[PDB]
Amino acid sequence: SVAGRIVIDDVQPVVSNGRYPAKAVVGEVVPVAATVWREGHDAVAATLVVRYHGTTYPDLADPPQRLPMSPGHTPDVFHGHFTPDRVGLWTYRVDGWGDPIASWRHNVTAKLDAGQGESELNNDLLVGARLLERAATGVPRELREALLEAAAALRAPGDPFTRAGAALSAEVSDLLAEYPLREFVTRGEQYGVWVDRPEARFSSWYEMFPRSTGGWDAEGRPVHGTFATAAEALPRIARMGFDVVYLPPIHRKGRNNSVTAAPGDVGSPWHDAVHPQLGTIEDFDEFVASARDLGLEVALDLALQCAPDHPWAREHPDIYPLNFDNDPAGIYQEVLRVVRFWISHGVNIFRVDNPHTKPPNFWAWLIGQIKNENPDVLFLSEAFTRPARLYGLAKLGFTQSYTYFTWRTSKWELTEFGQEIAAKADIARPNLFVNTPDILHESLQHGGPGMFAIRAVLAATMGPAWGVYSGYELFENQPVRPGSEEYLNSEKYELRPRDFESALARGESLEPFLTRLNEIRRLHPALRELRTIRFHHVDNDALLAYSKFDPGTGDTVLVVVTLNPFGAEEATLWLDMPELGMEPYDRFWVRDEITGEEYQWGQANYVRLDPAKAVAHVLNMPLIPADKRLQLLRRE
Amino acid sequence: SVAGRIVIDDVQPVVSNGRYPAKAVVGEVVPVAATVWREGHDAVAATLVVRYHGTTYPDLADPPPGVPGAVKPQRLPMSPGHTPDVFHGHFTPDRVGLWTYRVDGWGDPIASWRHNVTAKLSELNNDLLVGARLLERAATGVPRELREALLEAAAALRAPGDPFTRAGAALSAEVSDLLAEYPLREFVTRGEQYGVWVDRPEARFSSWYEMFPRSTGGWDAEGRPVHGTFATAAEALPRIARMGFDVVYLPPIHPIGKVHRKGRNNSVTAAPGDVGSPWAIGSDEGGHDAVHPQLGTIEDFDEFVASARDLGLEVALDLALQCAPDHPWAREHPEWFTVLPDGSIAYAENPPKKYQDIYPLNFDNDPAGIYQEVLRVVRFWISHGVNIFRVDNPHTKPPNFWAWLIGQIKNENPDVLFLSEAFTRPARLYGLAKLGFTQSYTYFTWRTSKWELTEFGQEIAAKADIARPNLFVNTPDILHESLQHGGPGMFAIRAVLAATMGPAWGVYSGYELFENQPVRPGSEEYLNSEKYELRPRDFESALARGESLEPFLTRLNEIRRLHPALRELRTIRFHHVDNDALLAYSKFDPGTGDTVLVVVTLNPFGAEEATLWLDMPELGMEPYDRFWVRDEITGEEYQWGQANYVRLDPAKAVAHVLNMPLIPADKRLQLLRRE
Ligand SMILES: OC[C@H]1O[C@H](O[C@H]2[C@H](O)[C@@H](O)[C@@H](O)O[C@@H]2CO)[C@H](O)[C@@H](O)[C@@H]1O
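Protein chains in written order, with PDB author numbering: chain A, 0 to 62, 88 to 275, 282 to 300, 309 to 355, 378 to 696; chain B, 0 to 69, 86 to 136, 143 to 696.
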């Protein structure tokens with residue numbers, strides 16, 4: 000936000016006055032917006048100055089393209105955009121300037137229309153000549169003639185419409201777009217945007233315990249799985265459309287959180311070594327390779343705690381939390397070594413467990429030290445903490461963040477949530493996990509199969525990043541103690557194998573539905589975007605309705621979802637017609653990616669959802685028109 | 000907003016990321032707020048660092064090349096609020112100039128330990150020594166008197182003698198208080214330094230009266246008006262003083278141009294002997310540093326200013342930067358004008374307003390030149406005792422110009438104040454305010470509905486850090502259709518709205534006389550405007566006959582003077598009242614705790630009753646509390662609760678200005694709070 004002959008103000012995207020960069024992915028249309036003004040009726044304009052700086056990640060805590093900007097409905101507010109083409113730091117700046125030809129074009133096309141004579145139009149014409157002559161200076165010598173001829177024409181004697189003809193022409197208009205006469209160019213402030221690989225914003229996660237991939241012996245007793253049986257587990261997870269496979273720690283406490291373990295109990299998985315029963319570093323290397331061949335990524339948990347008997351407890355003075385204060389340099393250097401080790405082992409995704417319990421400046425340093433060395437490493441923060449810290453950690457450079465989504469159950473909670481996630485889109489990318497081996501929500505506990513499908517739609521559509529724990533597809537809703545948020549017989553304390561193949565064959569698996577959800581996502585680029593979520597009024601406290609669009613392709617999707625998993629719910633859906641790139645009186649066609657149903661729709665549309673037939677409607681909304689798709693993206 | 004071992008974020012008051020300072024006046028309690036956090040359950044705290052830099056006004060915008068011109088750090092505590100991780104502070108600047116606040120964030124180890132050593136509800146525990154270790158450290162930060170408290174406390178928990186209750190000293194009140202004044206601060210993260218330009222109180226709180234000196238002349242025995250002087254104008258002042266207005270604003274007192282002189286009722290050609298527009302500054306007699314010959318001399322004016330000072334009034338001159346075709350600059354410096362190809366100076370305009378009698382100045386051709394001359398002119402009147410300027414459509418002149426001029430003036434003399442008459446888009450309006458314009462003219466004149474006024478009042482309180490408004494009930498160019506049809510009731514309604522809502526309010530003469538005559542039907546311009554003819558008024562007669570708002574405007578000013586609440590802007594809270602043509606709002610002083618509540622009808626014809634719903638904790642109370650009130654309009658007392666029945670007869674009185682129960686000290690500051 001600057002002040003000169005031209006004033007530039009309230010520029011976006013600015014993050015905490017500029018202490019941190021904005022978040023983006025390669026291919027994302029980043030909308031920019033600034034308040035630009037000057038004196039009098041005189042014309043003003045703005046240029047968006049975008050520059051790439053490479054893959055140099057900045058340390059966030061103490062331990088050239090010239091693109092045009094168009095004005096909008098909101099006076100004195102100009103809007104711009106850009107689509108970064110590679111991972112790295114890009115910087116936008118807003119150049120403000122007076123537009124004398126724009127002014128002249130208007131103030132003279134007015135008089136010459138409509139319909140004044142050569143006498144009263146003589147002066148403005150001769151000034152227009154002075155401008156084209158001035159503008160010509162900015163045009164390379166080989167392209168000038170057009171302008172000079174045009175200028176000499178206005179000063180030649182005759183009829184206003186004939187004189188102004190050349191200056192008003194297309195040839196000139198185009199040429200002036202490429203080389204404009206920009207007066208009093210005021211340079212705005214430089215602002216950063218860290219651009220990440222698309223998997224940072226759009227990715228479907230599947231959490232799986234490798235030890236539970238074991239199966240059973242002919243007797244019925246479970247087998248402790250290896251990286252090999254886990255590698256065998258992968259193709260259905262691949263076939264379900266998940267692209268990230270998150271494993272809990274691969275490095282006492284007994285069955286169902288009991289303080290003393292019975293001999294032969296598995297123990298809780300929660309630093310540069312693999313579990314002997316799982317395999318070797320070589321076995322894991324093979325596991326990672328197997329995942330890559332299926333087009334899957336591996337995500338490891340980076341939990342920074344020690345069991346009382348850890349090598350660090352003895353060497354560098378059921379869990380011990382680490383102390384970052386006594387020997388900062390020491391711990392800082394070892395964590396970095398550990399993380400680098402797995403990066404070297406083909407792991408480019410880390411799920412940082414409870415970051416809010418560890419120093420903010422630590423994360424910043426670690427996130428930075430890694431990202432400079434290799435910018436493709438991504439970090440997800442499992443911070444279920446106050447919003448200050450949650451978003452605070454995201455600003456620090458955490459790629460994605462775990463959200464309040466599981467406790468957002470009501471229509472109103474969900475709208476407030478969806479709206480908030482779209483608002484904080486520049487500072488945080490959310491990961492909506494339907495639940496975790498730590499979180500079994502009371503809604504799912506009583507709602508049954510319908511509930512599981514409802515939540516999966518909500519997460520998969522609303523969240524560009526969504527996740528499922530192993531077993532969600534088998535409707536795992538049995539809670540340990542009544543009212544507890546923990547699972548009965550948690551996979552964390554025992555070998556929990558599952559015959560998914562059987563469930564599917566019997567028809568007791570959400571496995572096919574989760575696939576459709578991922579197919580829909582893959583097909584619809586609108587489900588990738590976050591900022592474009594808009595809610596639409598559906599009159600029924602049990603139904604929820606929201607849209608989304610891709611500013612690049614114009615793809616539009618509308619979701620209509622029941623929150624009652626037992627009985628059917630009907631209502632009238634009222635569409636914000638221009639929001640979807642239309643007029644209120646317009647009528648269009650829609651395809652339901654769920655049922656395959658096709659219908660003519662208007663502003664007001666009757667809707668009915670039977671949780672026996674399908675919990676939601678994922679409509680294929682008419683493609684947003686090019687000119688309307690940037691207007692719709694707009695900030696102010 | 001910073002990042003370190005402690006994170007400081009979403010700090011307020013920040014203006015355009017810090018490009019411009021926040022607005023304040025001496026005695027104003029400035030609330031500060033920040034989001035401060037750290038890791039885990041460990042204790043965090045914040046310190047507000049206030050530093051004075053003197054009366055050095057900063058240049059806020061990049062000026063053109065060639066254009067020349069010319086302590087004891089407070090550490091104040093920040094308490095947390097209802098909103099987690101948000102700390103709140105405040106400060107009252109005692110001396111006019113630049114002030115800078117910073118938010119220091121830090122870990123509180125004793126706070127942590129205090130909590131962690133409870134635990135007491143037991144043994145074995147010899148962290149009762151890490152506590153001793155802390156108090157011993159903390160003691161270093163305490164002056165060698167009152168450090169004893171801490172040493173005794175530490176030595177106590179270091180003593181083996183008896184239970185873990187030897188730590189009672191460390192946990193004590195005496196210690197807790199002492200540690201508030203001199204805390205043990207870990208990992209002190211210094212936040213961003215943010216400016217606040219503190220002005221003299223007349224910048225925020227002042228009542229203006231606009232008067233044309235030429236119109237103070239009176240009539241001859243034949244009925245024809247007489248052209249007034251600075252002497253007759255000096256005579257018209259005491260009633261303006263008696264009405265409680267402290268600022269007397271005069272339109273240009275400069276020789277009006279003879280060339281292209283506009284005649285009666287905006288007629289393009291003037292009849293012989295027509296007065297002409299005061300805003301067409303400059304004839305053969307003089308320019309912008311000269312007085313109108315018919316008004317008097319520089320000496321006459323000096324006497325006029327002195328007369329105003331003796332009545333406790335201060336003069337506000339109009340700073341209009343245009344020239345009549347016959348101005349001294351038009352002959353001497355045609356490089357300050359936009360000479361068209363045909364060799365003529367461009368005629369002045371402001372869509373839909375055309376000004377055939379003026380030439381607008383050109384700031385681009387010779388920037389250094391014009392910049393230096395405007396300064397000279399403004400300095401001239403400052404030297405003549407004028408410390409207030411009512412700037413004419415500043416939005417028509419360069420932004421960087423204003424910034425440079427306001428700066429160049431305030432460095433030399435920080436007491437000079439500038440009011441922007443910018444009726445333009447909000448971007449530019451507030452934009453100019455951020456640039457350093459002391460007060461701004463508002464959309465107030467067209468905010469008629471209950472909705473419009475609540476949306477307005479709320480907006481003015483929101484933009485309070487970047488702009489101080491001046492609510493003028495009417496101007497010699499603004500005669501609103503509300504006033505044209507509403508009759509005397511309307512006049513009173515608007516005056517209440519302006520005087521209460523706006524810490525700065527204004528009245529243009531003839532208003533106390535209910536002048537509703539508009540030139541053309543539906544036009545906002547006055548029939549027979551004072552700008553083109555000598556419009557004298559016998560105020561004394563009207564008062565006597567019974568057609569003067571003169572006594573009511575005085576009560577409004579008395580009320581204002583008595584109530585420090587009607588000075589503060591940010592504290593405007595609207596209270597729900599069922600009638601849609603009735604409005605209710607509060608205001609409080611964060612220093613004195615004074616509370617005022619206004620209940621005003623917008624229907625000037627018939628009476629309006631309704632049930633008033635109070636946001637009880639906002640008046641520093643609980644919902645089932647029941648208090649007493651004293652109307653400043655009626656004088657008497659009434660029993661009021663959370664819900665109160667109200668009735669307003671515009672025949673009896675258009676509004677109720679209640680003297681609400683004084684807000685309790687501890688509650689005062691929570692009602693001020695930002696987040
Ligand atoms: O040429 C002088 C010009 O003066 C008046 O215009 C004033 C306006 O009335 C005031 O409100 C002031 O703040 O701005 C204008 C300055 O030009 C007359 O209205 C106008 O006809 C006349 O030409």
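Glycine is no exception: its CB is placed at the ideal position from the N, C-alpha and C atoms.
- Using a 10 angstroms sphere on the CB of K283(B), the tally of other CB atoms reaches 16 or more, which defines it as buried.
- For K279(B), not one C-beta of chain A is nearer than 8 Å to its own C-beta.
- When the Cα atoms are used, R129(B) and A341(A) turn out to be separated by approximately 29 Å.
- Judged by their CB atoms, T54(A) and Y215(A) are not nearer to each other than the 8 Å cut-off.
- Inter-residue distance for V621(A) and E630(A) is about 11 Å (C-alpha atoms, whole angstroms).
- The bridge partners DSSP lists for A676(A) are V621(A).
- Residues of the stretch 50–66 of chain B that bring their beta carbon within less than 8 Å of a beta carbon in chain A comprise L59, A60, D61, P63, in sequence order.
- Residues of the stretch 401–431 of chain B whose Cβ lies closer than 7 Å to any Cβ of chain A, in chain order: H416, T417, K418, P419, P420, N421, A424.
- In the structure shown, the three-state DSSP call for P234(B) is helix.
- Contact annotation for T34(B) against chain A: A448 [CB-CB distance below 7 Å, chain order].
- By the beta-carbon neighbour count (other beta carbons within 10 angstroms, threshold 16), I319(A) is exposed.
- Taking a Cβ-Cβ threshold of 7 Å, the residues of chain A close to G3(B) are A60, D61, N421, in chain order.
- Contacts with chain B at 8 Å (Cβ-Cβ) do not include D498(A).
- If you measure from each CB to the nearest heavy atom of ligand 1, the residues under 5 Å come out as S298(B), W300(B), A301(B), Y376(B), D378(B), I379(B), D413(B), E442(B), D498(B).
- Fully enclosed alpha helix (DSSP H) runs of no fewer than 4 residues occupy 124–136 of the stretch 115–145 of chain A, in order along the chain.
- With respect to the 8 Å criterion, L316(A) and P234(A) are classified as neighbours on the basis of their beta carbons.
- Beta-bridge partners of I499(B) (DSSP): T496(B).
- Judged by beta-carbon spacing, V617(A) lies within the 8 Å limit of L679(A), meaning their Cβ atoms are closer than that value.
- Taking the C-beta atoms as reference points, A448(B) is found no nearer than 8 Å to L492(B).
- Runs of the alpha helix (DSSP H) lying entirely within the stretch 178–209 of chain B and spanning at least 4 residues, in chain order: 189–192, 194–202.
- For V6(A), the C-beta contacts it makes with chain B under 7 Å involve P420, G452, in order along the chain.
- By the CB criterion at 8 Å, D123(A) and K135(A) fall outside the cutoff.
- In chain order, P625 place their CB closer than 6 Å to the CB of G507(B), counting only its own chain and leaving out the 5 sequence neighbours on each side.
- Counting the other CB atoms within 10 Å of its CB gives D486(B) a total of 16 or more, which places it among the buried residues.
- By the rule that beta-carbons nearer than 8 Å mark a contact, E38(B) touches chain A.
- Judged by DSSP secondary structure, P420(B) falls within the alpha helix (DSSP H) whose first and last residues are 420–433.
- Looking from the CA of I684(A), the closest CA among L640(A), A664(A), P671(A) belongs to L640(A).
- When Cβ pairs closer than 8 Å are counted between the two stretches, the stretch 96–109 of chain B is seen not to touch the stretch 161–178 of chain B, the count staying below three.
- The contact set of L361(B) on chain A, defined by CB atoms closer than 7 Å, consists of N147 in chain order.
- Within the stretch 93–106 of chain B, the residues whose Cβ lies closer than 7 Å to some Cβ of chain A are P99, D100, listed in chain order.
- Going by beta carbons, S236(A) and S530(A) fall inside the 8 Å limit.
- Nearest in C-alpha terms to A672(A), of all of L574(A), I514(A), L590(A), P542(A), is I514(A).
- The C-beta of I379(B) has 16 or more other C-beta atoms within 10 Å across all chains shown, which makes the residue buried.
- The beta carbons of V31(B) and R110(B) sit about 18 Å from each other, so the pair does not count as a contact at 8 Å.
- Nearest Cα to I580(B) within the set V336(B), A520(B), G238(B), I430(B): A520(B).
- Here the C-alpha atom of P63(B) lies approximately 38 Å from the C-alpha atom of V494(B).
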